[PDB]
Engineer: 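Mind having a look at this structure? Questions to follow.
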Amino acid sequence: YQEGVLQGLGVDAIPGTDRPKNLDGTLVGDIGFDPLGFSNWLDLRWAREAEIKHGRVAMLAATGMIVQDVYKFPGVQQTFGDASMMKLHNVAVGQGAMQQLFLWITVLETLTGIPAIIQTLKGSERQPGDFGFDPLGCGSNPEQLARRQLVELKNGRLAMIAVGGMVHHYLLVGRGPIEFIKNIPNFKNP
Amino acid sequence: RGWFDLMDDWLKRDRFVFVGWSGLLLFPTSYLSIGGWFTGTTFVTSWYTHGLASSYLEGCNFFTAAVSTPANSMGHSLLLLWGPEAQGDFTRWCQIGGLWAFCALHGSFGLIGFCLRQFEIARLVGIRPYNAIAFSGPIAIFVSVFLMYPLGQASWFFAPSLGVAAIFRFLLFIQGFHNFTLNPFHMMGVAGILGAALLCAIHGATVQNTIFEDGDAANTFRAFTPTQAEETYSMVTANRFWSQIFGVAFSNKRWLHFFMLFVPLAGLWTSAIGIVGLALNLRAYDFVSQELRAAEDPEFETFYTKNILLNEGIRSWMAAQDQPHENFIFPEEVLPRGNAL
Amino acid sequence: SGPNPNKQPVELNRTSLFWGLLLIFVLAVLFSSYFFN
Amino acid sequence: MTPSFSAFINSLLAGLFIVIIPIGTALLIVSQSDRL
Amino acid sequence: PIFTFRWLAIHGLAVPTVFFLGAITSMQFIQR
Amino acid sequence: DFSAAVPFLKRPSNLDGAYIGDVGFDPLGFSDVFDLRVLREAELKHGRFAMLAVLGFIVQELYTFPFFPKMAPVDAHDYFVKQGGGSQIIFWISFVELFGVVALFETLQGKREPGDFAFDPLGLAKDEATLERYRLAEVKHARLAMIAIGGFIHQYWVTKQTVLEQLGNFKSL
Amino acid sequence: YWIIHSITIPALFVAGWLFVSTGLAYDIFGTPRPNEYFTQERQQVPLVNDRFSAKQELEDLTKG
Amino acid sequence: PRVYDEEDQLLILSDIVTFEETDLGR
Amino acid sequence: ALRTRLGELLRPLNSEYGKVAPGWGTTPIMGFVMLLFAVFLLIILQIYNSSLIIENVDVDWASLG
Amino acid sequence: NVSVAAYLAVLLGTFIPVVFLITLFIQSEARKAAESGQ
Ligand SMILES: C=Cc1c(C)c2cc3nc(c4c5[nH]c(cc6nc(cc1[nH]2)C(C)=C6CC)c(C)c5C(=O)[C@@H]4C(=O)OC)[C@@H](CCC(=O)OC/C=C(\C)CCC[C@H](C)CCC[C@H](C)CCCC(C)C)[C@@H]3C
Ligand code: KC2
Ligand code: KC2
Ligand SMILES: CC1=C(C#C/C(C)=C/C=C/C(C)=C/C=C/C=C(C)/C=C/C=C(C)/C=C/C2=C(C)CCCC2(C)C)C(C)(C)C[C@H](O)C1
Ligand SMILES: CC1=C(C#C/C(C)=C/C=C/C(C)=C/C=C/C=C(C)/C=C/C=C(C)/C=C/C2=C(C)CCCC2(C)C)C(C)(C)C[C@H](O)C1
Ligand SMILES: CC1=CCCC(C)(C)[C@H]1/C=C/C(C)=C/C=C/C(C)=C/C=C/C=C(C)/C=C/C=C(C)/C=C/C1=C(C)CCCC1(C)C
Ligand SMILES: [Fe+2]
């Protein structure tokens, strides 16, 4: 729920083109932003599942890039050289670290992602993006859980754009996010 | 409906230009092939592959501008822009003749897409697909001449370059090095093409000169309307005319139109067989009996022997500049001549 | 065994016969010089 | 591993993301939008 | 309107056409 | 969504609690595509082979007979391939599997529980509760050994060291 | 129609003109200028000899 | 493990398109 | 129609004429396998075409010995 | 001088299709005459 404001019906990002017909206040983060006609033709369960997956992966990726520029784990030295963003991908798939990661995420996607999304598309009670993962009691109260869902959606939406910016700035300069913050002028191309 | 059904509905919509599923292959490949040919004939040189200037930027006109074949140093390489020859460098890719490979490959796929387009439009309209079977003639011509012949030869260098004067060179080069006029399959191809032109002209004249007087105007083009249940010309009068003028005449319109279809297609396929034979230098170049007769009799001469001498002269006097990679250096003494004979 | 329902008569027109004879004779004339070499 | 195979893999990725994915996405979007 | 198959195909066959026409017109006035 | 082991994936349609070890873990579609009796028979056979294999991997390294040379287990497979003892073991395993085929045919027909060969010489698992506890222990040990034998073999292939030889002096890759 | 194309078409024509007049076509497509067909050291026709060293060979040939 | 297309697919339409005759043709 | 021992032995193999799976069946699997086959064909084509060098692979007669 | 095989090829490749076509035409005319009044 999380109020009738900032995610519900009656809150429009535009002055209002009568709102998309398939978008209402039932779904989380629905400020009625849909300039294209994606909503009606696309399944909203699949679309919300894809949005949540992209947001979670983007949050992890942005935090990983920031920490990797900030701090290397013990023993990551003697290896990889500099390896900020993309040389890191190539050298690590050469070594086998990203091969191990791809194998285990393949296991996770085969055993959790595919069956959960298939059952959700068939009408299961599971909401999109929900995997029942709560080892700590962070979502016992639904009053806080709705706010947590809205925060998760907004931070994932921010993190998609953030990680895209990090990738494109590295593609232009060869410099990661923290180092990009450190030196502002463009002409330095490491 | 599903996503596939909706995409099929959209691609099949009656627009000004039909797209269809085959369009997804035809339009990009054909557009890229045509644009690459224009780019090559406008900007790209042949100086590092053939030692020739073929572009408007270098001063060539429409006849002398061409997209020349790759260098003979390249074998039968695909010459991908990212391939080991170019390694992503657009300038070096254009200089080594990679634009010719681009045009040839995307044009072959465009021909495949156009054949599929003919099939798809025939299926949707609800008619027999005798188009895309007629187009198999041009498809076989392109495959045999621009693909199979260089693949049988040393490299893409000996394929025809995409230009007017380049095509004329290719004609004379093949005549000199293969005696392709003497090839019986080429003779059948010439017969097919000339007979198809004859059939087109004679059928047009016969229909125009046997029309029924269906109008009061002297100009008779207005007398026809597409929604006609009656034939616009007299088949009986035409049959009588050609049976008492030529001795034989068509009596079945369907057989006549199938014959007008069959003659150019058969000619093109026979010529394609001949060019495939040329691809491995398996040519009907010479008659052994005539050569033996001329060797043991200096006073024996026929037009075939004169053609052999002409082909030898063509080869000797065009080898140095037509194949600069071979570094042919022929002294004037060894160059054949009529006085030298 | 038994009567086969797929049996169909085969017909060749006089026009088809003459087309075939002309094609065979013309191909023979064309390829005789090359076969004799 | 050779530069040629890296170029081949990058060519597959470029053909997917510059030719196949954009054209397919545009076709799907227009087909779904225009149900007629 | 803004995007149509006819519109996109036309401008695909027009924007290079005008560019090449300008290039060839410039080629006509080269010192050669 | 009541799979009882993966909370968001729901109980599979034919994965009722009739079978021992049924915690509802079947994310991919395999019990809906194949007979559950055949699947349980294959699971028990794989697990029993794996348990015997793990015990053999320990014992052969710890002690090898007065006869046969001192070898690693994979080198032992190769040597007994070329010697003839492996042929004998394959012959006798195939001889037992010849009647295992008939047992599986019965299981297809019925009148036989999957994996039940009525093999119990020492008279263990008296009363039904002990039998159910032993069934649960057997299935858990079977799956654990199925993972463990592959672990042993791949670790030997990578590090060129046997399992207890690798436990001390780890020599990380 | 005419309002947008009375700006877009002449600008595009001028851009096409400048693509040749400024010499960018020669640099992009590698077409030799009329004064650089034969170098002082190489007075012969430059031809690629090896397919796998074609880029380096062209760099050597076009360096001067 | 634990529908027929019912279409001939070998059928020519084989329907003769009859054409009428007028007084001029007669 | 003659009945034979071999005919009745092989009869179930020629019994389900026209039997089809429901809508689209296993088409995505077929498309994925066709895509893999196309990638494999491209790899082997570029290998002999010499446009692709992997390692220790010498497309040449001299590689025979 | 000229090979035996060359004459054999020319004569046989002329005659065999010719006799095939003649046989087919005669068979068709025989069917037409038998079906029609004679
Ligand atoms: C040199 C002669 C010649 C040309 C130029 C030609 C051209 C054409 N005929 C077509 C059709 C046909 N041709 C037919 C019968 C024949 N056509 C013949 C001979 C020719 N046909 C002959 C001899 C026959 C008798 C069998 C039929 C039955 C059809 C059709 O149905 C079709 C049509 O509708 O026409 C009315 C069109 C095919 C369009 C296409 O593929 O999609 C777009 C174009 C593509 C994909 C080609 C681009 C790639 C090409 C191959 C390489 C690039 C070439 C450069 C752009 C230009 C190079 C120029 C230099 C060589 C000088 C095109 C206008
Ligand atoms: C769980 C936290 C953790 C992570 C996420 C992680 C990831 C990686 C990756 C990325 C995939 C590589 C490539 C890598 C490689 C090495 N690690 Mg490892 N490593 C971690 C933990 C430790 C500890 C505690 C130590 C250690 C070591 C080494 C040595 C040293 C040998 C050498 O001298 O060559 C090498 C080469 C030692 C060391 O030097 O650390 C000061 C040691 O004490 N690591 N490590
Ligand atoms: C759609 C892709 C994309 C996304 C989603 C995205 C998001 C963000 C965010 C997140 C909201 C921030 C905070 C951010 C910040 C900066 N971006 Mg940026 N960005 C994207 C693309 C590009 C390109 C193409 C360039 C660029 C630049 C800069 C500079 C200049 C510093 C400088 O002048 O040195 C700064 C501070 C330029 C640069 O990288 O210079 C080489 C440059 O051309 N970005 N960017
Ligand atoms: C590992 C690997 C690599 C890699 C890689 C990776 C991770 C690539 C990832 C790239 C990503 C995530 C790009 C996305 C950037 C964000 C965009 C374009 C959206 C901007 C928002 C817009 C435009 C508008 C937003 C908005 C809306 C909608 C409209 C209204 C307002 C507003 C709010 C502004 C390689 C490929 C480099 C190769 C290497 O060998 C290996
Ligand atoms: C070929 C060869 C031979 C051989 C051989 C042999 C025997 C080869 C056999 C190899 C085997 C059995 C490999 C096993 C792999 C099992 C895996 C990766 C599963 C792990 C469990 C997981 C991931 C659990 C995940 C999970 C966990 C708890 C949490 C999440 C949920 C869940 C999914 C349940 C020889 C030796 C005879 C020699 C001859 O010369 C050649
Ligand atoms: C006067 C005259 C007399 C007779 C009648 C007449 C003929 C009608 C008239 C002529 C008039 C005239 C002169 C008409 C001429 C009109 C002209 C010159 C049209 C040029 C069009 C250029 C195109 C389509 C290039 C597109 C480039 C592409 C696709 C790039 C491709 C790329 C390449 C290189 C390969 C890499 C990848 C990419 C990036 C894809
Ligand atoms: Fe007509």
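To find a chain, count down the sequence lines: A is the first, B the second, and so on, and within it residues start at 1. Both backbone and side-chain heavy atoms feed into the values below; hydrogens, waters and symmetry mates do not.
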Engineer: Whether the side chain of G/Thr39 engages the backbone of G/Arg42 through a donor-acceptor N/O pair (distance < 3.5 Å, no angle test) should be reported.
Structural biologist: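 Checking the backbone N and O of G/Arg42 against the side chain of G/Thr39, a donor-acceptor pair under 3.5 Å is found.
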Engineer: Is the side chain of D/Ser4 donor-acceptor paired with the backbone N or O of I/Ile53 at a distance under 3.5 Å, no angle test?
Structural biologist: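 Checked: pair present.
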Engineer: Indicate yes or no: at least one non-hydrogen side-chain atom of B/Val143 is less than 4.5 angstrom from one of B/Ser108.
Structural biologist: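 A side-chain contact is absent here, since even the closest heavy-atom pair is not under 4.5 Å.
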Engineer: Apply side chain to side chain contact (heavy atoms under 4.5 Å, CB included) to the pair A/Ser84 and A/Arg175, showing each step before the final yes or no.
Structural biologist: CA-CA 7 Å; A/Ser84 296; A/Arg175 162 153 43 231; over 6 Å; no
Engineer: What's the shortest heavy-atom distance between B/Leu57 and G/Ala25, and which atoms?
Structural biologist: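 Reported closest heavy-atom pair: CD2-CB, 4.0 Å.
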Engineer: Do G/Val48 and B/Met74 have side chains that approach each other closer than 4.5 Å (heavy atoms only, starting at C-beta)?
Structural biologist: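 Yes - at least one pair of side-chain heavy atoms lies under 4.5 Å apart.
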Engineer: Which heavy atom of B/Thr69 sits nearest to which heavy atom of B/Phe157, and what is that distance?
Structural biologist: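 Closest pair (atom of B/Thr69, atom of B/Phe157, distance): OG1-O, 2.8 Å.
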Engineer: Could you give the distance from CG (D/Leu27) to CG (B/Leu24), rounded to the nearest 0.5 Å?
Structural biologist: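 D/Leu27 atom CG to B/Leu24 atom CG measures 5.5 Å (nearest 0.5 Å).
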Engineer: Got a sec: does the CE of A/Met65 have more than 12 other heavy atoms crowding it under 6.0 Å?
Structural biologist: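 Check passes, neighbour count above 12.
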Engineer: Measure the shortest side-chain to side-chain distance between B/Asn72 and B/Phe158 over non-hydrogen atoms and say whether it is less than 4.5 angstrom.
Structural biologist: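 Yes; the side chains approach each other to less than 4.5 Å.
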Engineer: Does CD1 in I/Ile29 sit with more than 12 non-hydrogen atoms of other residues, nucleotides or ligands closer than 6.0 Å?
Structural biologist: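 For I/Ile29, atom CD1 is not crowded (no more than 12 foreign heavy atoms under 6.0 Å).
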Engineer: Tell me the closest heavy-atom pair linking B/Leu268 and B/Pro138, and the distance in Å.
Structural biologist: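 Minimum heavy-atom separation between B/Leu268 and B/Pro138: CD1-N, 3.7 Å.
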Engineer: Can a donor-acceptor pair be found, under 3.5 Å and without considering hydrogens, that links the side chain of B/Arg92 to the backbone of B/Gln87?
Structural biologist: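 Side chain of B/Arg92 to backbone of B/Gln87, a donor-acceptor pair under 3.5 Å: no, none is there.
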Engineer: Is the G/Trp17 ring parallel, tilted or perpendicular to the G/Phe13 ring (thresholds 30°, 60°)?
Structural biologist: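 Rings of G/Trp17 and G/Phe13: tilted, as their planes differ by 30° to 60°.
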Engineer: Classify the side-chain pair B/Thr181/B/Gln175 by whether it contains a donor and acceptor separated by less than 3.5 Å.
Structural biologist: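 Yes - a donor-acceptor pair under 3.5 Å links their side chains.
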Engineer: Is it true that, when you exclude B/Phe330 itself, more than 12 heavy atoms of the residues, nucleotides or ligands shown sit nearer than 6.0 Å to its CZ?
Structural biologist: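 Yes.
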Engineer: Is the backbone of B/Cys60 close enough, under 3.5 Å, to the side chain of B/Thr64 for a donor and an acceptor to pair up by distance?
Structural biologist: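 Not confirmed, B/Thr64 side chain does not pair with B/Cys60 backbone.
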Engineer: Check the pair B/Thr42, E/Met27 against side chain to side chain contact (heavy atoms under 4.5 Å, CB included), reporting the backbone distance first and the verdict last.
Structural biologist: CA-CA 9 Å; B/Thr42 308; E/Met27 277 152 200; 3.7 Å; yes
Engineer: So which atom in I/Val59 and which in I/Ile47 form the shortest heavy-atom distance, rounded to 0.1 Å?
Structural biologist: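 Distance-wise, the nearest heavy atoms are CG2-O, 3.2 Å.
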Engineer: Among B/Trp156, B/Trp37, B/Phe146, which residue satisfies the ring-ring contact (aromatic ring centres under 6.0 Å, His included) criterion with B/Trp100?
Structural biologist: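 It is B/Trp156; the other options fail the test.
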Engineer: If you round to the nearest 0.5 Å, how far is CZ of I/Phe40 from CD1 of I/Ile43?
Structural biologist: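 The CZ atom of I/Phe40 is 8.0 Å from CD1 of I/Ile43, to the nearest 0.5 Å.
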Engineer: Please report whether the ring centroid of B/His106 lies less than 6.0 Å from that of B/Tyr31.
Structural biologist: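 No.
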Engineer: For the residue pair B/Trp93 and B/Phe102, does the interplanar ring angle fall in the parallel (under 30°), tilted (30 to 60°) or perpendicular (over 60°) class?
Structural biologist: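 Geometry flag for B/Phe102 against B/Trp93: perpendicular rings.
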Engineer: Kindly give the heavy-atom pair with the smallest separation between B/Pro324 and B/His50, and that separation in Å.
Structural biologist: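 So the two residues come closest at CG-O, 3.4 Å.
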Engineer: Tell me if a side-chain donor or acceptor on B/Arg117 pairs with a main-chain N or O of B/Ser22 at a distance below 3.5 Å.
Structural biologist: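 Such a contact is absent between B/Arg117 side chain and B/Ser22 backbone.
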Engineer: Looking at I/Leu41, I'd like to know if its CG atom is crowded, meaning that more than 12 non-hydrogen atoms belonging to other residues, nucleotides or ligands lie closer than 6.0 Å.
Structural biologist: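 Yes, because the 6.0 Å sphere around CG of I/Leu41 holds more than 12 heavy atoms from other groups.
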Engineer: Is there a donor-acceptor contact under 3.5 Å linking the side chains of B/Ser68 and B/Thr49?
Structural biologist: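 Not at all, the side chains of B/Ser68 and B/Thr49 share no donor-acceptor pair under 3.5 Å.
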Engineer: Can you establish whether the number of heavy atoms outside B/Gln321 located under 6.0 Å from its atom CD is more than 12?
Structural biologist: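 Atom CD in B/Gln321 is not crowded, with 12 or fewer foreign heavy atoms closer than 6.0 Å.
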Engineer: For G/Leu47 and B/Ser73, run side chain to side chain contact (heavy atoms under 4.5 Å, CB included): C-alpha distance rounded to whole Å, both residues' side-chain angles, the deciding distance at 0.1 Å, then the answer.
Structural biologist: CA-CA 9 Å; G/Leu47 300 162; B/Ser73 57; over 6 Å; no
Engineer: Ring-plane angle category for B/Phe27 and E/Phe5, please: parallel below 30°, perpendicular beyond 60°, tilted otherwise.
Structural biologist: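 If you compare the ring of B/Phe27 with that of E/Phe5, the planes turn out tilted.
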Engineer: For B/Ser161, does its backbone N or O pair with a side-chain atom of B/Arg169 as donor and acceptor, under 3.5 Å?
Structural biologist: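 Between the backbone of B/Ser161 and the side chain of B/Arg169 there is no qualifying donor-acceptor contact (under 3.5 Å).
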Engineer: Would a 4.5 Å heavy-atom cut-off, applied to side chains only, mark A/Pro190 and A/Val173 as touching?
Structural biologist: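 Yes; the side chains approach each other to less than 4.5 Å.
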Engineer: Hey, what's the ring geometry for G/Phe29 with B/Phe43, parallel, tilted or perpendicular (30° and 60° as the breaks)?
Structural biologist: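 The rings of G/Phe29 and B/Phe43 lie parallel, inter-plane angle below 30°.
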Engineer: Does B/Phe63, at its CZ atom, have more than 12 non-hydrogen atoms belonging to other residues, nucleotides or ligands within less than 6.0 Å?
Structural biologist: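 Counting neighbours around CZ of B/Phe63, 12 or fewer heavy atoms of other residues, nucleotides or ligands fall under 6.0 Å, so no.
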Engineer: Ignoring hydrogens and geometry beyond distance, is a side-chain donor-acceptor pair present between A/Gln95 and A/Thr79 at under 3.5 Å?
Structural biologist: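 No - no donor-acceptor pair under 3.5 Å links their side chains.
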Engineer: With rounding to the nearest 0.5 Å, note down the distance linking CD1 in I/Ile54 to OG1 in D/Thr2.
Structural biologist: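 Nearest 0.5 Å value for the CD1-OG1 distance: 5.5 Å.
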Engineer: Determine whether the aromatic ring centres of residues B/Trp47 and G/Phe38 are separated by less than 6.0 angstrom.
Structural biologist: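 So the answer is yes for these two rings.
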Engineer: Does a donor on one side chain sit under 3.5 Å from an acceptor on the other, for B/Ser55 and B/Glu58?
Structural biologist: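 On atom types as modelled, these side chains qualify, holding a pair under 3.5 Å.
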Engineer: Can you tell me if CZ on A/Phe80 sees more than 12 non-hydrogen neighbours from other groups inside 6.0 Å?
Structural biologist: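 Yes.
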Engineer: Ignoring hydrogens and angles, tell me if any N or O in the side chain of B/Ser33 forms a donor-acceptor pair with the backbone of B/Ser30 under 3.5 Å.
Structural biologist: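 Flag not set: sc B/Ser33 to bb B/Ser30 has no pair under 3.5 Å.
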Engineer: Find out whether B/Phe185 and B/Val276 are in side-chain contact, i.e. whether some heavy atom of one side chain is under 4.5 Å from a heavy atom of the other.
Structural biologist: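 Contact flag for B/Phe185/B/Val276 side chains = no.
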Engineer: Does any non-hydrogen side-chain atom of D/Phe8 lie less than 4.5 Å from one of I/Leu42?
Structural biologist: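 Touching, per the 4.5 Å side-chain cut-off.
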Engineer: Has the side chain of E/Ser26 got a donor or acceptor atom that lies under 3.5 Å from a matching backbone atom of E/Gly22?
Structural biologist: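 Between the backbone of E/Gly22 and the side chain of E/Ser26 there is no qualifying donor-acceptor contact (under 3.5 Å).
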Engineer: When rounded to the nearest 0.5 angstrom, what distance separates CD1 in D/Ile18 from OG in D/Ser11?
Structural biologist: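 It comes to 10.5 Å.
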Engineer: Flag the pair B/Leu78 / I/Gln46 as yes when at least one side-chain heavy-atom distance between them is below 4.5 Å, and no otherwise.
Structural biologist: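 They are in contact (side-chain heavy atoms under 4.5 Å apart), so the answer is yes.
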Engineer: Of B/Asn311, B/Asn281, B/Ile275, B/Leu282, which meets side-chain contact (heavy atoms from CB on, under 4.5 Å) against B/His178?
Structural biologist: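 Only match with B/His178 under side-chain contact (heavy atoms from CB on, under 4.5 Å): B/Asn281.
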Engineer: Quick one: CE on A/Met85 to CE on A/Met166, what's the gap to the nearest 0.5 Å?
Structural biologist: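 It comes to 6.0 Å.
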Engineer: Looking at CE of B/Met318 and CD of B/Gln323, how far apart are the two atoms once the value is rounded to the nearest 0.5 Å?
Structural biologist: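 One finds 8.5 Å between CE of B/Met318 and CD of B/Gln323.
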Engineer: May I ask you to decide whether A/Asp82 forms a salt bridge with A/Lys87, counting only side-chain N to carboxylate O separations under 4.0 Å?
Structural biologist: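 Answer for the salt bridge query: no.
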Engineer: Treating B/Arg283 as the side-chain partner and B/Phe177 as the backbone partner, does any N or O pair qualify as donor plus acceptor under 3.5 Å?
Structural biologist: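 Flag set: sc B/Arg283 to bb B/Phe177 pair under 3.5 Å.
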Engineer: Could you tell me whether the side chain of E/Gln31 reaches within less than 4.5 Å of the side chain of G/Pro34, counting heavy atoms only?
Structural biologist: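 G/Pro34 does not reach E/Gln31 side chain to side chain.
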Engineer: Between B/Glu120 (side chain) and B/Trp21 (backbone), is there a donor-acceptor pair under 3.5 Å?
Structural biologist: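 Flag set: sc B/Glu120 to bb B/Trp21 pair under 3.5 Å.
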Engineer: Any idea which heavy atoms bring B/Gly36 and B/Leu99 closest together, and the distance?
Structural biologist: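 Closest approach of B/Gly36 to B/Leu99: O-CD2, 3.4 Å.
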Engineer: Parallel, tilted or perpendicular, judged at 30° and 60°: which one describes the rings of G/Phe19 and E/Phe19?
Structural biologist: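 Correct class here is tilted.
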Engineer: Determine whether B/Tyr48 and G/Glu57 satisfy the following criterion, side-chain hydrogen bond (donor to acceptor under 3.5 Å, both in side chains), listing intermediate values before the conclusion.
Structural biologist: CA-CA 10 Å; B/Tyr48 305 95; G/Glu57 186 172 355; over 6 Å; no
